[PDB]
Amino acid sequence: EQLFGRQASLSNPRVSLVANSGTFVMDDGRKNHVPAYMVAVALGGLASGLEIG
Amino acid sequence: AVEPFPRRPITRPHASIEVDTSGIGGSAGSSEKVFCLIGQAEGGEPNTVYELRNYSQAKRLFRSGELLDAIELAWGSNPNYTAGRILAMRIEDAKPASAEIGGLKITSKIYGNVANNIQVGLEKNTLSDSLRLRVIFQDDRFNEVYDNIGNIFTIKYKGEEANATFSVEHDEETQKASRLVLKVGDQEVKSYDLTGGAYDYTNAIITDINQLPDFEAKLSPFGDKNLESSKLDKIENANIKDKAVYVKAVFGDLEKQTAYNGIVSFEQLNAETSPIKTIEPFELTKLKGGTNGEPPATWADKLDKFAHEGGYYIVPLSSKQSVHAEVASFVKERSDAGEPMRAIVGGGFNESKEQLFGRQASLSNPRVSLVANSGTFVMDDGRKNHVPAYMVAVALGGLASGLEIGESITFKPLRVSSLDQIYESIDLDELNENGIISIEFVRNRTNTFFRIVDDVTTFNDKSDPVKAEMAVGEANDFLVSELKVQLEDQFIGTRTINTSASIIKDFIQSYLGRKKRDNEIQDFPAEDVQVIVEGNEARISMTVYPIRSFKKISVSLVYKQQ
């Protein structure tokens with residue numbers, strides 16, 4: 001519902017809203033539990049690597 | 001014709017797999033020609049012709065009936081000679097079912113007695129001052145629900161002034177409500193006529209109201225609502241300073257969403273110049289008045305519907321002699337008009353050969369062939385059905401549709417499980433000599449076949465193959481028709497500045513030579529062509545030898561010593 005609240009406030013094709021939050025295992029073996037905007041980086045880093053098509 | 005069903009909109013990318021007793025069934029194969037059928041069939045629009053490419057569409061639209069069984073025979077009779085595309089129209093003049101409750105006239109997209117099993121109802125959503133809808137079609141178990149119906153956006157006035165009022169006016173001449181005015185403290189800021197122009201959409205109004213420093217119009221997230229302004233509802237003096245003032249288009253929201261329902265159409269009840277009966281919640285109630293009607297005494301109007309459709313083969317699923325005459329007259333008309341066709345007919349169970357001769361005596365036409373045998377077929381789901389001849393006629397029609405133009409149905413096998421009567425050699429000869437097409441049984445060491453003995457039309461004379469053998473006549477038919485239409489395009493259709501008789505003669509000879517190079521025709525006389533031109537008209541005459549098939553072999557044996 002809060003996600004829909006953000007959707008209600010914001011509806012723009014130039015932006016996408018990610019909902020899930022999780023944890024990542026990183027260098028040195030440390031695993032960090034992080035908010036969604038860190039997941040957003042993973043989506044952004046992925047999309048950056050993918051080709052245009 | 002019309003390919004009725006477009007895509008279903010989808011929501012998510014996924015793969016789903018579900019066990020079932022039955023599959024998707026047959027499929028239309030590549031074909032030069034098209035196959036037309038008429039018969040008893042539940043579902044679909046009466047007096048409308050539908051094109052089918054797959055058995056799934058036939059199930060989805062022609063929900064049940066002997067017609068749907070006929071399609072299965074057409075594509076299931078032989079995988080090698082699978083029948084081509086299909087044109088179908090239901091004989092029964094079914095009716096829709098209707099419900100008129102709660103300010104709404106509700107009618108069924110489905111036509112027939114099934115339509116009365118549709119239930120639709122509205123409910124009041126106390127949580128958001130909105131109406132709610134549910135649609136259930138119990139036979140197909142199709143359940144649909146809509147919520148927050150009608151409410152688009154909310155307005156709040158934020159200033160300290162005593163009173164803010166929201167008003168919408170009504171036009172009685174057309175029953176529309178096309179004004180929306182915001183007033184605060186007996187002073188007006190703006191007024192939006194909802195009759196197009198400046199504020200055609202509610203989107204602009206929301207933008208307009210939001211610009212006002214003392215107001216905010218906020219979009220409801222429950223369902224896309226960008227309706228045109230004219231669809232807003234009658235509203236009279238709503239206090240904008242309060243917690244929430246709703247802007248409503250009850251029918252407009254219903255009109256958009258309900259268009260996507262697969263079962264129902266909605267109309268807004270006019271009272272019985274009468275004002276609008278208010279759309280209000282009501283119990284989920286059955287639709288009523290949907291029936292199958294009765295078939296017409298004459299099928300001529302139905303057959304006239306197929307003119308200019310290109311279906312070479314047409315089969316009526318009936319045994320009535322008068323109906324057969326109607327088709328024969330209709331086919332005769334189309335052939336002269338420039339649309340050649342062939343009709344396949346067969347009536348009743350185990351009908352007497354004398355009665356077959358009675359039909360032959362009444363009817364002798366090269367454009368039609370009469371099938372005598374009746375039998376039973378094993379079909380999908382393991383059910384085996386014992387059926388009249390006109391269902392066998394479909395198998396012949398479906399077979400002939402799959403075969404190439406130059407190849408006859410003669411002697412080809414058939415999958416029919418069994419036949420009512422097993423004609424003897426003499427019995428078969430009498431039928432074939434009298435222009436009756438029949439089925440023959442043979443047995444291998446451990447195999448059994450049902451074969452089509454030969455191609456013969458009701459026309460009896462053996463003198464002219466084109467009259468007798470439909471395969472030969474069909475080859476001539478497609479040859480001429482394909483030639484003329486091409487010729488029309490080059491000279492009549494396309495802008496031609498000049499033309500001579502000899503030029504036409506060369507073009508004709510070029511066309512025929514190409515056919516021989518494709519093996520479509522075996523031989524012909526090159527010098528026999530004639531061309532005459534007379535003002536705006538030209539006469540063309542030519543001859544081509546029909547193909548001859550292999551019929552008789554006689555053998556004798558001699559035993560000897562050593």
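Each reported figure results from applying straightforward, stated rules to the coordinates on display, with no laboratory input. Cβ coordinates were reconstructed from backbone atoms using ideal geometry, including for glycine residues, and neighbour counts include every protein chain displayed.
Quick notes
- Loop-resident trypsin sites (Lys or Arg not before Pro) (DSSP state other than H, G, I, E or B) in segment B:363-433 with no more than 16 further Cβ atoms inside 10 Å of their Cβ: B:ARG383, B:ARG415.
- Partner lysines for B:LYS505 [C-alpha distance under 23 Å; skip if fewer than 8 residues away on the same chain]: B:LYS484, B:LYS515, B:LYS516
- Label zone at B:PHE491 (point 7 Å along Cα-to-Cβ), backbone N below 16 Å, segment B:511-544: B:511-512, B:529-543
- Loop-located chymotrypsin sites (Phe, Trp or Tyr not before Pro) across segment A:1-37 with a Cβ neighbour count of 15 or fewer within 10 Å are lacking, with loop assigned by DSSP.
- Translational diffusion coefficient (Stokes-Einstein; Kirkwood radius from C-alpha pairs) of segment B:467-525 at 20 °C, 1.002 mPa s, in µm²/s: 166 µm²/s
- Only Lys, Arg, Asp and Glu carry charge here, each on its Cβ (+1 for the first two, -1 for the last two); on that basis chain B has a dipole of about 1440 debye about its Cα centre.
- On the basis of the beta-carbon distance and an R0 of 60 Å, B:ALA307 and A:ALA47 show a calculated FRET efficiency of 0.60.
- Hydrodynamic radius of chain B per Kirkwood, over alpha carbon pairs, in Å: 29.1 Å
- Rough spin-label spacing in nm, given labels placed 7 Å along Cα→Cβ, for B:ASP523 and B:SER362: 4.3 nm
- Using a Förster distance of 41 Å, the FRET efficiency for B:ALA538-B:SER463 (Cβ separation, nearest 0.05): 0.85
- Counting every other Cβ atom within 10 Å of each residue's Cβ, B:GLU280, B:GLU534, B:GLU51, B:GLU351 order from fewest to most as B:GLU534, B:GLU280, B:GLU51, B:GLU351.
- Cleavage-rule hits, trypsin sites (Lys or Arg not before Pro), segment B:23-125, DSSP coil, Cβ neighbours within 10 Å at most 16: B:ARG53
- Counted over segment B:337-496 with a bin width of 10 Å, the fraction of Cα pairs per bin, in whole percents, is 10, 36, 31, 14, 6, 3, 0.
- Counting beta carbons within 10 Å around each of B:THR154, B:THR446 and listing the fewest first gives the order B:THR446, B:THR154.
- Helical contribution to [θ] at 222 nm, DSSP H n ≥ 4, -39,500 (n - 2.57), averaged over chain B, rounded to 500: -7000 deg cm²/dmol
- Solution diffusion estimate, µm²/s, Stokes-Einstein, segment B:116-259, Kirkwood Rh from C-alpha pairs, 10 °C, viscosity 1.306 mPa s: 97 µm²/s
- Spatial offset of segment B:384-449 relative to segment B:232-251 amounts to 73 Å, using the alpha carbon center of each.
- Cross-link partners of B:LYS332 among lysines, defined as those whose alpha carbon lies under 16 angstrom from its own and excluding same-chain residues fewer than eight positions apart: B:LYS302, B:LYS305, B:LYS467.
- Among B:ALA97, B:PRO296, B:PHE507 - extreme Cα towards positive end, dipole of chain B, charges at beta-carbon: B:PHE507
- Rounded FRET efficiency, nearest 0.05, which uses the C-beta distance separating B:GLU294 from B:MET379 and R0 of 30 Å: 0.60
- At 0.890 mPa s and 25 °C, Stokes D of segment B:10-116 from Kirkwood alpha-carbon radius, µm² per second: 156 µm²/s
- Between segment B:528-562 and chain A, the Cα center-to-center distance that results, in Å: 77 Å
- For B:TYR559, B:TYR260, B:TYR157, order by how many other beta-carbon atoms lie within 10 Å, fewest first: B:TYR559, B:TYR260, B:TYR157
- Binned Cα-Cα distance frequencies in segment B:190-276 - 10 Å width, integer %: 14, 41, 33, 11, 1
- Couplings 3J(HN,Hα) of segment B:330-341, computed from phi: 5, 4, 4, 5, 5, 4, 5, 5, x, 10, x, 8 Hz, in residue order, whole Hz [Karplus 6.51 cos²θ - 1.76 cosθ + 1.60, θ = phi - 60°; x for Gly and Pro].
- Between B:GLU267 and B:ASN113, the modelled labels are 2.6 nm apart [label points 7 Å from Cα along Cα→Cβ].
- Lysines with Cα under 17 Å of B:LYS462, excluding same-chain neighbours fewer than 8 positions away: B:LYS551, B:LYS552
- Spacing of the two label points (7 Å from each Cα toward its C-beta) at B:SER425 and B:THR448, in nm: 2.1 nm
- Placing +1 on the Cβ of every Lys and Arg and -1 on the Cβ of every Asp and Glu, with nothing else charged, gives segment B:250-362 a dipole about its Cα centre of roughly 420 debye.
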